[PDB]
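Letter by letter, the chains look like this.
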Amino acid sequence: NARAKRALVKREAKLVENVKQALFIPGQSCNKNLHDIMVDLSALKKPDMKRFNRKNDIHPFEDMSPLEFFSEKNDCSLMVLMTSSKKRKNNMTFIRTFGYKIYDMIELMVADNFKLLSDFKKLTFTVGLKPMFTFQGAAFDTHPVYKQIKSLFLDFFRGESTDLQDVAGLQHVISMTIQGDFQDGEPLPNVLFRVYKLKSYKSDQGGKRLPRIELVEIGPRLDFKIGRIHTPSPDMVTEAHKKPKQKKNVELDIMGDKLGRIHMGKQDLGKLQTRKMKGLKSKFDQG
Amino acid sequence: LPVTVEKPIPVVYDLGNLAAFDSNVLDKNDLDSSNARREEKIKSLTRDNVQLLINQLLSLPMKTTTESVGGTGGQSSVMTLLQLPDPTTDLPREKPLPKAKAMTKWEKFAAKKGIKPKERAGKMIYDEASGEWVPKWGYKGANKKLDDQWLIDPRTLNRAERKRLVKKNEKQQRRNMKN
Amino acid sequence: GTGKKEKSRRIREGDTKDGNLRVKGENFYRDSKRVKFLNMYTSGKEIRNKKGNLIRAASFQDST
Amino acid sequence: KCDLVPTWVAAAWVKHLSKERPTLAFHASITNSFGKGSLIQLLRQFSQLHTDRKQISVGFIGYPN
Amino acid sequence: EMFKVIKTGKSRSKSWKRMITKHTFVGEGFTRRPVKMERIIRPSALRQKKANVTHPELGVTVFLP
């Protein structure tokens, strides 16, 4: 049966790659509250997720192969690992694979003050919806760990890329802020993940066009204590951002005409010597 | 009711992913778990960022169509859809680009000899005997004629020759990705 | 000189495996496709035999 | 024949004809030309635009003389 | 019958150029390739730009490009 032939094609590499599926792996130490955060955050991701439902003896900083195997067998690239210990309490290790080898670990522990979905109220909302992001804190643009976490969360929750967006679907914002500004040598403020639902009220400042928007907290109030980090090899990072690769003086004019701009140079007519011919010669004067 | 909210450092935008990256000054003493005004502070700050994001986003160019509801796979005439740019922020790809497919020896032959690839006219060719169009191959293809034509068995001989030419084609192709 | 024989040139530029494809007048100055293109100015002449029959007709003349 | 007029007349004519068609002042003489380089550059750009067409033919038009 | 042989040379000794005796549609950005590299002759008179098409159902004939 050629159902499989379609599956291999859907898995194999594409010019415009699919949405990156996420896998939520529970390790040996998956306590109940971690499964709660996993349910909530995975819900925030779905329909692009798979949840595995058995304990897995995976230590992502000692033997990285099983994660690669699961990123193969489940086409999912992004992955999550449920771990806890007396050293690292309520830990989520967020994986990223390139090809199928590992591109990123990261080690985000959940502080005990987290709140779930069920701790809040809910309004009308639609699952599988494209979220809008806000990233507070200047260190996201600059600091290597914070650049890594910003790209991590964008790549995790951006869903399917689109060029036309329905204003009805702008229904919730994912907000991520660093605990505070800091200098080099101070220990890495933990990042604050919050999910907010949008509400728009009329405001007649700019007119009918732009409303005033105010937020309501829904869902996973999480605080993320940053731990050990696997940074991709610079060759893999410089090869993982290859554009698919699909002109001078040529412009696609509106209405689709190839037009060439022709660019002739200067015309120094001062360097031209007019023909010194007998009429212009005043020596042949008459009178 | 205010909507024109500002802050000393400008906000960059990645409207392709609907993201606004703030880079202003945050104080630890406003954010840490000692502060019970923590959640209100964060909600207000992210409300401000969302407000600027939506201000830019609704002020995008936007396309509207005239197609009826029962159209094919698009937007309806009534709904005006924002047209988002490409994502400015560069994010790691999932898999390497599919360029890994190589180039075969038939193609080098066809590039040395002045070969032009065939046109794809179709499977059907005119069977001049029976006044029909019979496909070259496939379901009752014009190559499965001698198999039940009414004139050792020569039919099995054709079938074996044809099958071993199929084997040869596969044999040749499976040496091409060793190139 | 052995270095200016045509087999030598074929060895130097690594096109020895292509003997079945090699046109008649290929040399250093003319690739195979150059030879075919310059055969254009000579083509169009049909080949009759002493019997007067058609070995083959002209290049774009055919009675089929 | 651009050498048979004053310089300002040639300049005025290129100014007024360029509003319609890209013009080029030129005095034709195998030894003492003017505008030879500009015309070579212009034709060479015209070939650059048609890189897909590997020969570019430039035809000359006008009155007999 | 499609192609008419055209001789060239002072003695009409070369016969490679070919001339299509039937009507042709030649495109929208056609240019004649140089005569030295021009084998298939498509004379400008036999180039057709429009054809009057008859609609079977509607029963009308209209001059369509």
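Residues numbered from 1 in each chain as written, not as in the entry; some residues may be left out. Chains lettered and ligands numbered in written order. Part of a larger assembly, values for the part shown. Heavy atoms only, no water.

**Brief notes about the overall build of chain E**
Next up, step 1: What chain E contains, in helices and strands, is zero helices and five strands.
Next up, step 2: Relative to a compact globule of 65 residues, whose C-alpha radius of gyration would be 11 Å, chain E shows 17 Å and is clearly more extended.
Next up, step 3: Counting over 65 residues, chain E shows a buried share of 20%.
Next up, step 4: Counted over contacts in chain E with a minimum sequence separation of 6, partners at least 24 positions apart contribute 10%.
Next up, step 5: When the accessible surface of chain E is totalled, it reaches about 5,100 Å², and 57% of it is carbon and sulfur.
Next up, step 6: Computing the positive centroid from 16 side-chain charges and the negative centroid from 4, chain E places the two 18 Å apart. (Helix = DSSP H or I, 4+ residues; strand = E, 2+ residues; numbered from the N terminus. Rg over C-alpha atoms; globule rule 2.2 N^0.38 Å. Buried < 20%, exposed > 50% of the residue type's maximum accessible area, 1.4 Å probe, protein only. Contact = heavy atoms within 4.5 Å. Areas by Shrake-Rupley, 256 points an atom, 1.4 Å probe, with all protein chains shown as cover. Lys, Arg positive; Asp, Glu negative; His and termini not counted. Charge placed at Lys NZ, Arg CZ, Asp CG, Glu CD.)

**Side note on the overall build of chain C**
Next up, step 1: A tally of regular secondary structure across chain C gives two helices and two strands.
Next up, step 2: If you list the helices and strands of chain C from N to C, you get α-α-β-β.
Next up, step 3: For 64 residues, the compact-globule estimate of 2.2 N^0.38 gives 11 Å, and chain C exceeds it by more than 25% at 17 Å.
Next up, step 4: Considered along the principal axes of its C-alpha atoms, chain C spans approximately 45 × 25 × 20 Å.
Next up, step 5: The 64 residues of chain C split such that 17% are buried.
Next up, step 6: For chain C, the accessible surface area stands at approximately 5,700 Å², while carbon and sulfur atoms represent 49% of it.
Next up, step 7: Taking the average location of the 18 positive side-chain charges in chain C and that of its 8 negative ones, the two points are 7 Å from each other.

**Here we look at the packing of aromatic side chains**
For any pair of aromatic rings, the description rests on two quantities: the centre-to-centre distance and the angle between the ring planes.
Residue and element names in this part refer to chain A.
Next up, step 1: As enumerated under the stated definition, the model contains 22 aromatic pairs over all chains in all.
Next up, step 2: Relative to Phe 156, the ring of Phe 24 lies with its centre 6.1 Å away and its plane at 80 degrees, an arrangement referred to as edge-to-face. Of the two residues, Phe 24 is situated in strand β1 (residues 22–26) and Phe 156 in helix α5 (residues 144–157); the sequence distance between them amounts to 132 residues.
Next up, step 3: The exposure class of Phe 24 is buried, given its relative accessible area of 1%. (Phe/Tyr/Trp six-rings, centres within 6.5 Å; stacked < 30°, edge-to-face > 60°.)

**Brief notes about the side chain of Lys95(B)**
Next up, step 1: Within the element layout of this structure, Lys95(B) appears in the loop between β4 (81–83) and α3 (105–112).
Next up, step 2: A distance of 3.1 Å separates a polar atom in the side chain of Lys95(B) from a polar atom in the side chain of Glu17(A).
Next up, step 3: Here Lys95(B) is in contact with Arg11(A), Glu12(A), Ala13(A), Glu17(A), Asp75(A), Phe98(A), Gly99(A) and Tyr100(A), once residues within four sequence places are set aside. (Polar contact = N/O pair within 3.5 Å; in protein donor to acceptor, adjacent residues only side chain to side chain.)

**Notes on the interface of chain E and chain C**
Next up, step 1: Between chain E and chain C, the contact holds ten residues from the first and nine residues from the second.
Next up, step 2: Contact with chain C buries surface across chain E, with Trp16(E), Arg18(E) and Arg39(E) losing the most and accounting together for 49% of the total.
Next up, step 3: Viewed at the interface, chain C and chain E are joined by zero salt bridges.
Next up, step 4: There are three residue pairs in polar contact connecting chain E and chain C.
Next up, step 5: Here the residues of the side of chain E that touches chain C sort into five nonpolar, one polar and four charged. (Buried area = accessible area lost by both parts, 1.4 Å probe. Salt bridge = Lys/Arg side-chain N within 4 Å of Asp/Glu carboxyl O. Nonpolar A, V, L, I, M, F, W, Y, C, P; charged D, E, K, R; others polar.)

**Here's the deal with the environment of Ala111(A)**
All names here are of chain A.
Next up, step 1: Topologically, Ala 111 is positioned in the loop between β6 (107–110) and β7 (132–136).
Next up, step 2: Residue class for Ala 111 comes out partly exposed when judged on its relative accessible area of 23%.
Next up, step 3: For the pair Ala 111 and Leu 215, spaced 104 residues apart in the sequence, the C-alpha separation amounts to 24 Å.

**A look at the arrangement of the chains**
Next up, step 1: Among five pairs of chains with at least one contact, chains A and B form the most extensive contact set.
Next up, step 2: Left apart from each other, chain A and chain C have a closest C-alpha approach of 29 Å.
Next up, step 3: There is no contact between chain B and chain D; across them, the least C-alpha separation is 19 Å.

**A closer look at helix α1 (residues 7–18) of chain D**
Residues and elements named next belong to chain D.
Next up, step 1: The end-to-end C-alpha separation of α1 is 16 Å, in line with the 16 Å expected for twelve residues at 1.5 Å each.
Next up, step 2: Turning to α1, its buried residues are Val 9, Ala 10 and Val 14. Around the axis of α1, the buried residues are gathered within 130 degrees of arc, so they sit on the same side. The exposed set on the far side of α1, more than 90 degrees from its buried face, consists of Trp 8 and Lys 15. (Expected span 1.5 Å × (residues − 1). Arc of directions from axis to C-beta.)

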